[PDB]
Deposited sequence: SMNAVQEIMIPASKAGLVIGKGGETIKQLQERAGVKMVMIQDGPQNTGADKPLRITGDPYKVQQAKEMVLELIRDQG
């Protein structure tokens, strides 16, 4: 069954996660093999295979650092 994990994204970083046209969040979904959607700091909801969600969490946190 899918894991669901939320990363809180500061408002100032939201555009960076999504990117122009959504091209950054599309790349992130392809590279990590999960679904990511946004829900003040905004939750990014990551859904997928439990192993892929853990890696995707690290990839997103590293990007927004």
property	result
Regions of the deposited sequence not represented in the model	1, 41 to 48, 75 to 77
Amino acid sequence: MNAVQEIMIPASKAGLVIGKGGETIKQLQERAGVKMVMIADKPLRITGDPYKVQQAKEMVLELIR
From here on, numbers count along this sequence of modelled residues.
{"query": "Stretch with the higher entry mean CA B-factor, where the candidates are 17 to 25 and 48 to 56", "finding": "17 to 25"}
{"query": "Third of chain Cα B-factors occupied by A40", "finding": "highest"}
{"query": "Ranked C-alpha temperature factor of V4 among modelled chain residues, by third", "finding": "middle"}
